[PDB]
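# Sequence isn't available, so here's the structure alone:
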């Protein structure tokens, strides 16, 4: 019902899309009735380390803009000592909501989304960023295309995407940690669950994730290339696990 000004430009609020700490996301229209998302962050409570993680993520977002269109667009922002406004690309729906709603997935759509995920994460890795907390909610469907919305710098199931080396760390986290998590995302898109969704007791689930005697199941599916990808991503030893550059040359993404 209200206005917002970001760098002298006035935006009308259609609805709130998002909650968070200490952020709200709004679907808004500019004066030409073009649709945007505006992320508002309140900075009144934020301490200096937090402030710096916010500035650091904005800066990477801003920079990684020009390197890939599988990173959400940040069009502009206004930052003061009281608040951040970020004017961004508006999404249709996040991947986690889409997956909960979708009964089965088209193999073409799945392969396309996987390519998009790979291209976004590859990009951040090239600039030295390991996300370390990849989940479907980090991706947004925009224009039939998946985009990474978050780099894991500021925000810092949900345990279902956690890699074994993060759990054994309890330094070991590398770009390969993101391959495990992506692998879990593709496993879900393939077999309709994450690999350890079955294990409800959390102490147990975590032990499963790190236990090499616990064999992950890969039921036979018509795409043998896809099976192979899941198996290569879901290797517990990160040195034996496939890398992003290798995953980009894989027949699953290169051939059809």
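Happy to help now that I have it. Residues are numbered from 1 along each chain as shown.
# And the strands in the stretch 51-200 of the chain?
For the stretch 51-200 of the chain, the strands defined by DSSP state E, counting those that start in this stretch occupy 74-79, 83-88, 93-94, 139-142, 145-148.
# Reformat those as JSON lines; add distance to residue 228 and mean neighbour count.
To be clear about C-beta, it is placed using only N, CA and C from the backbone, and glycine gets the same treatment. Listed next are the strands of the stretch 51-200 of the chain as JSON lines, based on distance: least, CB to CB, whole Å; neighbours: other CB atoms under 10 Å:
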{"stretch": "strand 74-79", "distance to residue 228": "36", "mean neighbour count": "16"}
{"stretch": "strand 83-88", "distance to residue 228": "36", "mean neighbour count": "20"}
{"stretch": "strand 93-94", "distance to residue 228": "28", "mean neighbour count": "16"}
{"stretch": "strand 139-142", "distance to residue 228": "23", "mean neighbour count": "21"}
{"stretch": "strand 145-148", "distance to residue 228": "22", "mean neighbour count": "22"}
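# May I see these organised as CSV, with distance to residue 59 added?
Converted to CSV, these look like this (distance: least, CB to CB, whole Å):
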stretch, distance to residue 59
strand 74-79, 10
strand 83-88, 12
strand 93-94, 24
strand 139-142, 20
strand 145-148, 16
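# closest to residue 38 out of these?
Residue 38 lies closest to strand 83-88 among the strands of the stretch 51-200 of the chain, at 5.6 Å (CB to CB).
# Show me what the closest one packs onto, helices and strands only.
If contacts are counted by 3 or more CB pairs under 8 Å, 6 or more residues apart in numbering; DSSP states H and E, strand 83-88 sits against strand 3-6, strand 35-42, helix 48-64, strand 74-79.
# Show me where the stretch 101-250 of the chain has its helices.
Along the stretch 101-250 of the chain, the segments classed as helices by DSSP state H, counting those that start in this stretch run 107-126, 164-167, 175-191, 202-210, 224-233, 244-248.
# picking up where we left off before, buried deepest among the helices and strands packed on strand 83-88, which one?
Highest mean neighbour count among the helices and strands packed on strand 83-88 (mean count of other CB atoms under 10 Å): strand 35-42, with a mean of 18.
# Give the other helices and strands that it contacts.
Looks like strand 35-42 contacts strand 3-6, strand 9-18, strand 23-29, strand 83-88 (3+ CB pairs under 8 Å, 6+ apart).
# Show me the one of the helices and strands packed on strand 83-88 that comes nearest residue 229.
Checking those against residue 229 by CB to CB gives helix 48-64 as the closest, at 24.9 Å.
# Just want the angle from the closest one to strand 74-79.
Orientation check (axes from the mean of the first three to the mean of the last three CA atoms, to 10 degrees): helix 48-64 against strand 74-79 gives 150 degrees.
# quick one: helix 48-64 to strand 23-29, angle?
Using the same axes, to 10 degrees, helix 48-64 lies at 40 degrees relative to strand 23-29.
# got TSV for the helices and strands packed on strand 35-42, with distance to residue 210 too?
Putting the helices and strands packed on strand 35-42 into TSV (distance: least, CB to CB, whole Å) gives the following:
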stretch	distance to residue 210
strand 3-6	46
strand 9-18	33
strand 23-29	34
strand 83-88	37
